[PDB]
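Below is one structure, written out as structure tokens; the observations come after it.
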Amino acid sequence: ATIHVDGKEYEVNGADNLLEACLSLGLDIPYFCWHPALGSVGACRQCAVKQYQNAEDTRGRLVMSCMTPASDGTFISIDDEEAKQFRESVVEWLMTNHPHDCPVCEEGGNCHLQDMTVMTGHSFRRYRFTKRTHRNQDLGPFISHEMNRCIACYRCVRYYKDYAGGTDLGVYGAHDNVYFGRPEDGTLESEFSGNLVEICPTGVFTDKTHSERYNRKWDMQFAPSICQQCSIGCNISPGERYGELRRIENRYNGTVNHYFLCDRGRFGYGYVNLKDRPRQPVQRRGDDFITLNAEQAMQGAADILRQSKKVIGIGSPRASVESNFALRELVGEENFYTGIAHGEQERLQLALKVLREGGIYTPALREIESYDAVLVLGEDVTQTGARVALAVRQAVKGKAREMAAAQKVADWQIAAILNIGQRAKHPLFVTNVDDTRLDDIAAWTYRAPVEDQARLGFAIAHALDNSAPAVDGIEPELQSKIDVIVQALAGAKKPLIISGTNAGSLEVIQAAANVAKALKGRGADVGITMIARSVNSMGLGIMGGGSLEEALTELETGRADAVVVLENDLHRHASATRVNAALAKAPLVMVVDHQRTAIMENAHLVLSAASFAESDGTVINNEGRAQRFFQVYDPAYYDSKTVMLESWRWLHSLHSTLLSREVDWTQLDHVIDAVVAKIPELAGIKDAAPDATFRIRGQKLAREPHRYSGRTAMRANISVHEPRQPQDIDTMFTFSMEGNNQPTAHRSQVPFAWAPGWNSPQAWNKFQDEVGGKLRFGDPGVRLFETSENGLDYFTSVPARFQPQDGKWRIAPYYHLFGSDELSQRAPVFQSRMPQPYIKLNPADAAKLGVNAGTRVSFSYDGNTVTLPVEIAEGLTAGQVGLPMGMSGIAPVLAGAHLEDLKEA
Amino acid sequence: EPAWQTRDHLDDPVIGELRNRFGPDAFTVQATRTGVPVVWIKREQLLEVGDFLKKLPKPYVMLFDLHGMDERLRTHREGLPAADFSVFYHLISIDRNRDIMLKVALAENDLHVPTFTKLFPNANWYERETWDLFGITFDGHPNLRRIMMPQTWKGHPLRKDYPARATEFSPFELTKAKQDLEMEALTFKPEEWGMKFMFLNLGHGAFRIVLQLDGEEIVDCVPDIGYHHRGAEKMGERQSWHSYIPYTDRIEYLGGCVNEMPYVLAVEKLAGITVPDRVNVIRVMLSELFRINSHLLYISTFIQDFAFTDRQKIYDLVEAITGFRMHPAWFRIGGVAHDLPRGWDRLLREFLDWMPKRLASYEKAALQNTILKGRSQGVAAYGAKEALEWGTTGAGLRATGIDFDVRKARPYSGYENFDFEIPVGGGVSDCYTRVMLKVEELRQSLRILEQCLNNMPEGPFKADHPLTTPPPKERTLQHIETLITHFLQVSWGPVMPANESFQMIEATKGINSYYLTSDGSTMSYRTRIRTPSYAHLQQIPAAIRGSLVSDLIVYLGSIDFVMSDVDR
Amino acid sequence: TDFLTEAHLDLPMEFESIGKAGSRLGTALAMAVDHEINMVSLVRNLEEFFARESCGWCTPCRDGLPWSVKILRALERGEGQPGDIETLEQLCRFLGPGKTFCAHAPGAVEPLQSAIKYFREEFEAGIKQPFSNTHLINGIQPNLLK
Ligand code: SF4
Ligand code: SF4
Ligand code: SF4
Ligand code: SF4
Ligand code: FES
Ligand SMILES: [Ca+2]
């Protein structure tokens, strides 16, 4: 289209509204109620411009640019005097009841309302009457509520209800006593409730975890990092202050996680700030624990490892690609073991083979929202891959979007879209062992064991294409529902099949691959999505190695007399008794880790590794996208005794001291080159981010804002003399404000969004090519593998129907967003949020046991009798017992395992 | 029509003359808030344009400034030629009472400009400093060496990719610098310094001059400056618009509010702030108090080559108003920090009832002391031709008979409302003539203070503009809009929309000027400070040739320079 | 609907005739106000109704009708301050058609602007105290704007 703003001609997209079109061009219009992801509703009346009918028009008419289409030949004025006066009047009207709270408000220096009060040029108060007040609610451990600061812009309810699909946050009241929140005091029940701290343009919803240890945005040291809490790979901006990780902000990535995180990623960073973390290398001597520095630890470890006959390495899917590679180089390729179980590795390798050899395009997380039908097999996505559940909700609302687009309604006029699409939605069919959080929008939910879910998948695949193997023994009503799913998937233009390794079944992944292959054979634009478990599960699967059980056999038979365990607690992937026996048998255990794990009691040496906030590296997400995370701060800057290096740096210097008796603290890019030389499948991690020599017109990229304060008093209690600025040789960022963070800088890795005039998270509008689209100069991260030219074959291994036998209880996995990820469990704010561990029983099974809801039952697994209180699960099938995977004592390896001797305690 | 408005100056006759001479496509006119025509000239036509402007019917006779600029990070380059670097030449015509700024664009790899020292001899030090801080080579320059840095310095500190902060201190570099400086008197090379007879080093401020003597006659002298370089402009790029005012204070430290004035006027041009009349009167009053203080110190120092009680009276008055003696840091964007305290008029009235007798005593100590007349007249004198070509401003320029004062020619801060005379010398800049001009300027400043005291506006001390930084404190303490504005202005900084501004004022030593480039941010993209002590110190080797070393000492005492003003 | 005076009483009750007089025909159910009813009190009651029957969706109605209500209460009590009538006039100009999300607020500000147009003397009679928005803080000299 063509628009004329203030006498200047611009070419904009005609499907856009005027506000987003003018913001994409760089024109500043104040706005409150509009958000790029939520659409336009025209509530706050802040985006007013003057629209003229033609070129020779003088009167004009005040319109809302968010509700006005950017049609061809549209004449508007932003800086007209009447429009400026109206926008200042709207700011003043918002200011009449606003509290005098900015010094004691967590959004100060980060507030969109502050920025728009300054931007409209309103600074003189002529209102003299009383301000309306409100009482706050308790919204739980994560979100603090302060309703005085509300400007009644409806962003919270629109996000939480229309976008996020939550049900416990609404708008109550009337004329100007509108209230936003829950109907009663209680925890917000959404898994994406934490995005309210950035959706809300004021200080109503604030990060309570950040509020307990608060600092302003200009005092933060930010870095671009990848969330380490699950496999999706959402980009985050961790900000630190005084040596501790203070906040996780969302980092925009138009390909992956655009504006939104989940609550696990946003609030489960508190393990970094624990006081029991290793901070120096510790070597045991009898009963003593001697603290070493870096070089003494490397020399002693090199001597003992040189004397040992065979040293094996146990990696982890928590560690980065560089750290696992460095361990593999230290111990050798044949002595490197992926520190996960054999069944877990088999499911991970099958998921990898489906993704990079199945010939079906695996979509990015934002691309999920454009699919016309979703079949989720076995994966409880909301508790394991939550951002995919949010994207699936958007893809489900796509039918209302399509219906409104048929009636010539613009795609941003969201209220009319939801009016036209009342309850019509695209088909969603979820299968799980029990009820999911997607059941409120699913067209059908199948509560069944993993064998029965896999059989349903194979039956869908056979009914879509007869070349697929058939399933014998399908009930007629179940066959009718199979036919419903087949009619929905065959009529879809873009069907999506989501499975994962969290169901604990190989056959669920095989059935999902069969459905995707059958839909590909019919010519549909099908996509497949596997959900892995940990941050670098896909990278550890690509690198490969033996299972944890093989390494345990090597240690137990005596063939390995030295083990290096990298970032693996080893109890989540194998039985704790066997791990303890094998590690006590081994005459040398060396644990490179950043969290105090239980195996450190058996360790001869403990190397204090860095977490993601104190290390750089690369991780591979569930779609195969290599992503670089950068170090946020130097741990040695505030405490000089802290020796907390990267895991790859520890292992590389150990390898150097083992070979040549000299210590080599390498650089990150050297390790990257070594990975892309030794492992050709991981050759794409070179392009994930530029190297340390990258400059923006000669200067590095800044980790902290220009107004960073306290630079001559933040360490003045230790010494009045300022220390050296920490040198970053690994990456292209600098540990100071002496760098570049311009929005128009030719880079993809943005540590934080800030532009002059835009201090809020709405500053991301300046950093994108168009608002709500891709990041300017591309999103960071590259896909490792392309879609294969030819696909797999049909998996003919159809499992039998699940049969409950007496005295054997199949463990059904129940994942929790707060409590199934290990480092998240370590975060102290999740202790108040995670549920008490309940063992789920069918009513018939509990009646057979005589057990009621709440009586503690004991069960023996691996010769360990553990007791849990019983919760009655109606949707669970008989013969199965539900267990919370990942929590205290219950490892995720138990998913799908049998249970013996389940009696009342 | 506002005086801060973005103008193009296409109605300037110099633009039409340049169009008639070089053609309409030979240059690009830039619309700024500097108040002068900004003309982008091709690099090859630079000497032709300099020749043309030097030979106009009312010619441009003084190169006011010459400096570089790193354009690699400037995002708002609309209506500008494609430049990685630029060099701006600020030229002043006194007959027209106008000025022009010629900008030459440069690519990043081809950083060399023709020298301007054939047209304006004072361009020598400016081109040396532009080479030193930007790495811009000047072809044809005689000795293009570092003037603010030691010769063993790596990189150019005003480039955008240079770290502003102090690096780690090392005793090894200190010992190396001790070996370099302390072997200079033994291994002196008389060709690096531009010279070609004994060599002496001397060792207002502490600075070194390398002297070449025939007996006691000075046949060549090369000053060595940069020993007091504080990096004030690089700090201008590091502080916000508000939290840079103390740094403006700490340049020409005897000036104080005089040094604050051009910075805040340039920022107010950037912000579009027209300050009310009481603000203008307050800033004029404090600048005149500090001008009297500086003139008293200069006269007392020259008479030495009793007067320190009047300086204490001025310091007590400034202490009562601002809270601080010599670095008040009191002018704000759009006003001053506080209102005048209740009782200021009594202190000013007691000061103005004390000064006429002291001024009569100074005139008796300077006129009737005929020994000082004999030992001051004819001591390193120069005419108007030497004053124009070396950029000499202030008392020396007006002692050469050129009636050019900024407070009258280009009035600022409401100096039009005050009736005061401009003392003009006979046509020769002696030490004695400059001291007499300082005495008469002191009398005129006392007249300005009397006119301030008798007619004082009752009104606001801060403007009613949204970019007034900080807002008035009581409204900050009880209004949420004002609190928000205060919060964002003192933390992130006030946002000046992308423009270039220039303010030139009459300082206590000459003409001081700020040239600010904003890229639309809360900090300055470029801060250029032109100080008169730089141009006064460049003129010493042009005036002390063939004179005695005692004449050099008297001339140094009569220049009225400060070394922090030199090295800015 | 806008108030009309007795000079407008000789006017046909059509849409265009009432519209060209500076009002709306509306429901054509006229209400007659006699002399002893104070215009400020009547408009205060009307604006209280309109500001409590707001739906709260859009900022000008939700946050600008209560400001007019408070100003009219001050003018009722004789506690009006200079600039209050200007604030009411600016509210009438900025709550017109298209400025607010629906037509509740234009219909709300029609009686206010019509009563200001025809009965300005009573609103000016409501203003009886000087404009004070701040209080003096001991230790800070105020910015005496002119
Ligand atoms: S929400 Fe914004 S404007 Fe309101 S008190 Fe907080 S920082 Fe200030
Ligand atoms: S609570 Fe925040 S997001 Fe919700 S309406 Fe109020 S200001 Fe808007
Ligand atoms: S979906 Fe996964 S990667 Fe994204 S924020 Fe949540 S835990 Fe982190
Ligand atoms: S003008 Fe209409 S939409 Fe706006 S708040 Fe008032 S009643 Fe609601
Ligand atoms: S942003 Fe358009 S009315 Fe709110
Ligand atoms: Ca590092």
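Residue numbering restarts at 1 in every chain; chains get A, B, ... in the order shown in the structure tokens, and ligands count up from 1 in that same order.
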
Could you give me, as a list in words, the residues within 8 Å of residue 114 of chain C, counting only C-alpha atoms and dropping anything in the same chain fewer than 2 positions from it?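 Contacts, with the query itself left out: residues 2, 3, 4, 110, 111, 112, 116, 117 and 118 of chain C.
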
Let me see the file: selected residues, N, CA, C and O atoms, as an mmCIF file, in the first residue's frame.
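Writing done, so here's selection.cif:
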```
data_model
loop_
_atom_site.group_PDB
_atom_site.id
_atom_site.type_symbol
_atom_site.label_atom_id
_atom_site.label_comp_id
_atom_site.auth_asym_id
_atom_site.auth_seq_id
_atom_site.Cartn_x
_atom_site.Cartn_y
_atom_site.Cartn_z
ATOM 1 N N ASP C 2 -28.614 17.786 23.721
ATOM 2 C CA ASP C 2 -28.255 19.148 24.088
ATOM 3 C C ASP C 2 -29.468 19.906 24.606
ATOM 4 O O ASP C 2 -30.589 19.706 24.136
ATOM 5 N N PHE C 3 -29.240 20.779 25.580
ATOM 6 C CA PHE C 3 -30.282 21.696 26.013
ATOM 7 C C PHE C 3 -30.558 22.733 24.934
ATOM 8 O O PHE C 3 -29.665 23.148 24.192
ATOM 9 N N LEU C 4 -31.813 23.149 24.852
ATOM 10 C CA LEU C 4 -32.221 24.227 23.971
ATOM 11 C C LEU C 4 -32.956 25.271 24.793
ATOM 12 O O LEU C 4 -33.514 24.967 25.849
ATOM 13 N N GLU C 110 -22.972 16.210 25.470
ATOM 14 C CA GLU C 110 -23.902 17.160 24.857
ATOM 15 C C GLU C 110 -24.624 18.068 25.858
ATOM 16 O O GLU C 110 -24.627 19.294 25.636
ATOM 17 N N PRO C 111 -25.246 17.576 26.950
ATOM 18 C CA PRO C 111 -25.844 18.520 27.912
ATOM 19 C C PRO C 111 -24.845 19.451 28.564
ATOM 20 O O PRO C 111 -25.174 20.615 28.812
ATOM 21 N N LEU C 112 -23.631 18.971 28.830
ATOM 22 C CA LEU C 112 -22.622 19.799 29.478
ATOM 23 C C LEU C 112 -22.219 20.969 28.591
ATOM 24 O O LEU C 112 -22.202 22.123 29.036
ATOM 25 N N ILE C 116 -23.111 24.923 29.145
ATOM 26 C CA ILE C 116 -22.024 25.894 29.181
ATOM 27 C C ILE C 116 -22.245 26.980 28.133
ATOM 28 O O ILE C 116 -21.986 28.163 28.382
ATOM 29 N N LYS C 117 -22.759 26.603 26.962
ATOM 30 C CA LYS C 117 -23.022 27.581 25.911
ATOM 31 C C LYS C 117 -24.120 28.560 26.309
ATOM 32 O O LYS C 117 -23.976 29.771 26.111
ATOM 33 N N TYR C 118 -25.216 28.066 26.884
ATOM 34 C CA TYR C 118 -26.362 28.930 27.133
ATOM 35 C C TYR C 118 -26.448 29.468 28.554
ATOM 36 O O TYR C 118 -27.151 30.458 28.775
#
```

Contact set, chain A to chain C: 10 Å, only C-alpha atoms, as a PyMOL selection string: chain A and resi 33+41-46+48+61-64+82+85-86+89-97+125-130+151-154+173-178

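In this structure, the chain B residues at most 9 Å away from chain C are residues 338, 339, 340, 341, 458, 459, 460, 461, 462, 463, 464, 472, 473, 474, 475, 477, 478 and 479 of chain B, with only C-alpha atoms considered.
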
Same residues, N, CA, C and O atoms, saved as a PDB file, in the first residue's frame:
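Output below, filename out20.pdb:
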```pdb
ATOM      1  N   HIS B 338      18.151  25.522  41.776  1.00  0.00           N
ATOM      2  CA  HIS B 338      17.269  26.010  42.820  1.00  0.00           C
ATOM      3  C   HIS B 338      16.879  27.448  42.534  1.00  0.00           C
ATOM      4  O   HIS B 338      17.399  28.091  41.626  1.00  0.00           O
ATOM      5  N   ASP B 339      15.936  27.946  43.314  1.00  0.00           N
ATOM      6  CA  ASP B 339      15.634  29.359  43.266  1.00  0.00           C
ATOM      7  C   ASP B 339      16.690  30.126  44.051  1.00  0.00           C
ATOM      8  O   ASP B 339      17.493  29.550  44.787  1.00  0.00           O
ATOM      9  N   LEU B 340      16.709  31.438  43.865  1.00  0.00           N
ATOM     10  CA  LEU B 340      17.606  32.267  44.649  1.00  0.00           C
ATOM     11  C   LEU B 340      17.187  32.233  46.116  1.00  0.00           C
ATOM     12  O   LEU B 340      15.994  32.305  46.419  1.00  0.00           O
ATOM     13  N   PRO B 341      18.132  32.082  47.037  1.00  0.00           N
ATOM     14  CA  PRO B 341      17.777  32.051  48.455  1.00  0.00           C
ATOM     15  C   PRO B 341      17.299  33.408  48.931  1.00  0.00           C
ATOM     16  O   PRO B 341      17.703  34.450  48.415  1.00  0.00           O
ATOM     17  N   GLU B 458      10.330  38.721  39.028  1.00  0.00           N
ATOM     18  CA  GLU B 458       9.747  37.756  39.951  1.00  0.00           C
ATOM     19  C   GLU B 458       9.000  36.722  39.119  1.00  0.00           C
ATOM     20  O   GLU B 458       7.967  37.030  38.518  1.00  0.00           O
ATOM     21  N   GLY B 459       9.521  35.499  39.080  1.00  0.00           N
ATOM     22  CA  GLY B 459       8.943  34.466  38.259  1.00  0.00           C
ATOM     23  C   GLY B 459       9.588  33.113  38.460  1.00  0.00           C
ATOM     24  O   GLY B 459      10.156  32.816  39.513  1.00  0.00           O
ATOM     25  N   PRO B 460       9.503  32.258  37.447  1.00  0.00           N
ATOM     26  CA  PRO B 460      10.014  30.895  37.583  1.00  0.00           C
ATOM     27  C   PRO B 460      11.508  30.803  37.336  1.00  0.00           C
ATOM     28  O   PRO B 460      12.086  31.563  36.559  1.00  0.00           O
ATOM     29  N   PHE B 461      12.134  29.848  38.019  1.00  0.00           N
ATOM     30  CA  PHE B 461      13.537  29.534  37.796  1.00  0.00           C
ATOM     31  C   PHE B 461      13.732  28.302  36.929  1.00  0.00           C
ATOM     32  O   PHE B 461      14.876  27.918  36.677  1.00  0.00           O
ATOM     33  N   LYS B 462      12.657  27.672  36.472  1.00  0.00           N
ATOM     34  CA  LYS B 462      12.729  26.589  35.507  1.00  0.00           C
ATOM     35  C   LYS B 462      11.644  26.779  34.464  1.00  0.00           C
ATOM     36  O   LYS B 462      10.574  27.313  34.753  1.00  0.00           O
ATOM     37  N   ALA B 463      11.929  26.333  33.247  1.00  0.00           N
ATOM     38  CA  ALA B 463      10.990  26.513  32.157  1.00  0.00           C
ATOM     39  C   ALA B 463       9.795  25.579  32.313  1.00  0.00           C
ATOM     40  O   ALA B 463       9.838  24.577  33.029  1.00  0.00           O
ATOM     41  N   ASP B 464       8.712  25.928  31.618  1.00  0.00           N
ATOM     42  CA  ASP B 464       7.478  25.155  31.618  1.00  0.00           C
ATOM     43  C   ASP B 464       7.427  24.178  30.451  1.00  0.00           C
ATOM     44  O   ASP B 464       6.367  23.956  29.859  1.00  0.00           O
ATOM     45  N   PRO B 472      10.560  20.937  38.451  1.00  0.00           N
ATOM     46  CA  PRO B 472      10.532  21.580  39.773  1.00  0.00           C
ATOM     47  C   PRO B 472      10.240  20.591  40.890  1.00  0.00           C
ATOM     48  O   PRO B 472       9.349  19.748  40.783  1.00  0.00           O
ATOM     49  N   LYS B 473      11.001  20.729  41.977  1.00  0.00           N
ATOM     50  CA  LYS B 473      11.141  19.654  42.952  1.00  0.00           C
ATOM     51  C   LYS B 473       9.864  19.429  43.747  1.00  0.00           C
ATOM     52  O   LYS B 473       9.538  18.288  44.079  1.00  0.00           O
ATOM     53  N   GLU B 474       9.126  20.493  44.061  1.00  0.00           N
ATOM     54  CA  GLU B 474       7.922  20.318  44.865  1.00  0.00           C
ATOM     55  C   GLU B 474       6.826  19.614  44.068  1.00  0.00           C
ATOM     56  O   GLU B 474       6.117  18.749  44.604  1.00  0.00           O
ATOM     57  N   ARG B 475       6.718  19.911  42.772  1.00  0.00           N
ATOM     58  CA  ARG B 475       5.763  19.191  41.943  1.00  0.00           C
ATOM     59  C   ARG B 475       6.209  17.759  41.705  1.00  0.00           C
ATOM     60  O   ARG B 475       5.368  16.875  41.537  1.00  0.00           O
ATOM     61  N   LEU B 477       7.648  16.070  44.081  1.00  0.00           N
ATOM     62  CA  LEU B 477       7.303  15.423  45.331  1.00  0.00           C
ATOM     63  C   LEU B 477       5.807  15.285  45.550  1.00  0.00           C
ATOM     64  O   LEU B 477       5.411  14.557  46.461  1.00  0.00           O
ATOM     65  N   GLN B 478       4.957  15.952  44.766  1.00  0.00           N
ATOM     66  CA  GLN B 478       3.547  15.660  44.991  1.00  0.00           C
ATOM     67  C   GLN B 478       2.699  15.493  43.731  1.00  0.00           C
ATOM     68  O   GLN B 478       1.471  15.542  43.828  1.00  0.00           O
ATOM     69  N   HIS B 479       3.288  15.273  42.560  1.00  0.00           N
ATOM     70  CA  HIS B 479       2.497  15.006  41.364  1.00  0.00           C
ATOM     71  C   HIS B 479       3.095  13.826  40.620  1.00  0.00           C
ATOM     72  O   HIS B 479       4.314  13.739  40.468  1.00  0.00           O
TER      73      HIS B 479
END
```

Based on the backbone DSSP call, show me all residues of segment 734-850 of chain A assigned strand (DSSP E or B), as a VMD selection string. chain A and resid 734 740 755 758 768 775 782 to 783 809 to 814 839 to 841

Just asking: which residues within segment 350-519 of chain A are helix (DSSP H, G or I) according to DSSP, as a PyMOL selection string? chain A and resi 350-357+367-370+381-384+386-406+414-420+450-464+476-490+506-519

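Of note, atom CA of residue 34 of chain B and atom CA of residue 131 of chain B are spaced 24.6 Å apart.
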
Output the neighbourhood of ligand 2 as a ChimeraX atom specification, that is, all protein and nucleic acid residues with some atom at most 7 Å from the ligand, counting only C-alpha atoms and all ligand atoms. /A:33,147,149-157,180,199-202,204-205
